[PDB]
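A short worksheet on the structure shown next.
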Amino acid sequence: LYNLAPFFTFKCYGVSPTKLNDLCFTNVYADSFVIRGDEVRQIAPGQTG
Amino acid sequence: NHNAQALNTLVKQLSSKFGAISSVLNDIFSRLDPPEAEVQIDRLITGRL
Amino acid sequence: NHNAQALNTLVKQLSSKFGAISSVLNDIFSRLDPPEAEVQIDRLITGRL
Amino acid sequence: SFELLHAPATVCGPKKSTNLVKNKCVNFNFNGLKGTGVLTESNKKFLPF
């Protein structure tokens with residue numbers, strides 16, 4: 001995911017991105033959608049949009 | 001009885017998060033980078049002290 | 001008198017912010033995002049305890 | 001979206017396993033749980049979940 005370089009923003013709310021590889025995760029789900037650039041902030045916990 | 005109760009209370013107190021993500025320190029270190037981890041650990045250390 | 005003074009001090013301490021944005025819990029919830037609000041509320045809870 | 005260390009994990013990082021050692025003080029990383037302890041066979045029982 002990091003290898004792709006479109007100047008993407010990786011924000012992890014409850015974990016750190018470097019630490020992801022070490023940890024073993026359960027109940028992993030990926031949600032994919034297209035939104036406007038200004039709206040990216042709204043896709044965050046407790047944000048009103 | 002009073003001595004037993006006090007010791008049991010301390011053991012019970014270990015479970016308390018104190019506002020941290022988890023009671024277990026190793027989980028905090030494993031899941032978080034050093035800057036965020038320091039804040040969470042500080043909360044646990046203060047509560048245990 | 002000493003018992004009365006102690007109780008009065010305890011009631012007064014409720015007003016103190018303890019480094020949180022506001023003494024009132026509702027004000028903190030209303031004006032802050034849920035993660036930050038939790039941190040500020042934790043500061044009030046610990047001070048009151 | 002994922003939950004951490006509360007159930008058996010089907011998704012894991014690239015870390016390579018090492019043969020277990022029993023009856024010795026050892027550092028352990030069992031499915032992302034890190035601790036230092038003596039590991040012994042348990043006469044107790046566990047449910048599948």
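Here, A, B, ... name the chains of the structure tokens in the order displayed, residue numbers run from 1 inside each chain, and ligands are numbered from 1 in the same displayed order.
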What are the closest atom pairs, with distances in Å to one decimal, for all residues of chain A lying within 8 Å of chain C? Consider only C-alpha atoms, order rows by chain and residue number, and present the result as JSON lines.
{"residue": "A:45", "atom": "CA", "partner": "C:34", "partner_atom": "CA", "distance": 7.7}
{"residue": "A:46", "atom": "CA", "partner": "C:34", "partner_atom": "CA", "distance": 5.9}
{"residue": "A:47", "atom": "CA", "partner": "C:33", "partner_atom": "CA", "distance": 7.2}
Please report, as a tab-separated table, each residue of chain A lying at most 9 Å from chain D, together with the nearest pair of atoms and the separation in Å rounded to one decimal; use only C-alpha atoms, and order rows by chain and ascending residue number.
residue	atom	partner	partner_atom	distance
A:20	CA	D:13	CA	7.7
A:21	CA	D:13	CA	4.8
A:22	CA	D:13	CA	5.6
A:23	CA	D:32	CA	5.2
A:24	CA	D:12	CA	4.1
A:25	CA	D:11	CA	5.2
A:26	CA	D:9	CA	4.4
A:27	CA	D:2	CA	5.5
A:28	CA	D:2	CA	4.5
A:29	CA	D:1	CA	5.3
A:30	CA	D:1	CA	6.4
A:31	CA	D:1	CA	8.1
Can you check which parts of chain B lie within 9 Å of chain C? Per residue, the shortest pair of atoms and distance in Å to one decimal, counting only C-alpha atoms, sorted by chain and number, as JSON lines.
{"residue": "B:18", "atom": "CA", "partner": "C:42", "partner_atom": "CA", "distance": 7.8}
{"residue": "B:19", "atom": "CA", "partner": "C:42", "partner_atom": "CA", "distance": 6.2}
{"residue": "B:47", "atom": "CA", "partner": "C:46", "partner_atom": "CA", "distance": 8.8}
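Nearest residue to chain B, choosing from D:34, D:44, D:16, D:22 and counting only C-alpha atoms: D:34.
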Within 9 Å of chain D, which residues belong to chain B? Use only C-alpha atoms and report them as a PyMOL selection string. chain B and resi 26-27+30
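Taking atom CA of residue 36 of chain B and atom CA of residue 19 of chain A as the two end points, the separation is 12.4 Å.
Atom CA of residue 21 of chain B lies 7.1 Å from atom CA of residue 40 of chain B.
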